[PDB]
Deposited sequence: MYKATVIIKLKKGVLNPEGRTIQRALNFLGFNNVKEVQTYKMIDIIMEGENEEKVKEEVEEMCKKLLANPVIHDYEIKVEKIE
């Protein structure tokens, strides 16, 4: 049993309305300390060889479903459940 962690974000360089909105709404409420906000989708996949082979598999999941390379960047962390 392994836990794969998939972080998905917008391509580097693409402005993110969600981040910008959170920032401004935060400053609006008084938190002027907040200088910048960014958001991501975190996807935890719990699945059944070894971590490198798992990473390969989720890599495929991303490639053909989870993320769109044109607008998305993503990264995968695989930890064995012990």
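Against the full deposited sequence, the model leaves out just one stretch, namely 49.
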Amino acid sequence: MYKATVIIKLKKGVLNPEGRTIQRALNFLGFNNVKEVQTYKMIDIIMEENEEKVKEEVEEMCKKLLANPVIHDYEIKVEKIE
From here on, numbers count along this sequence of modelled residues.
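Once the C-alpha B-factors are averaged per stretch, 33-41 and 49-57 rank with 49-57 first. The PDB entry assigns residue 7 a C-alpha temperature factor belonging to the lowest third of its chain's modelled residues. Placement of the Cα temperature factor of residue 78 within the chain: middle third of the modelled residues, per the deposited record. Ranked by C-alpha B-factor against the other modelled residues of its chain, residue 13 falls in the highest third.
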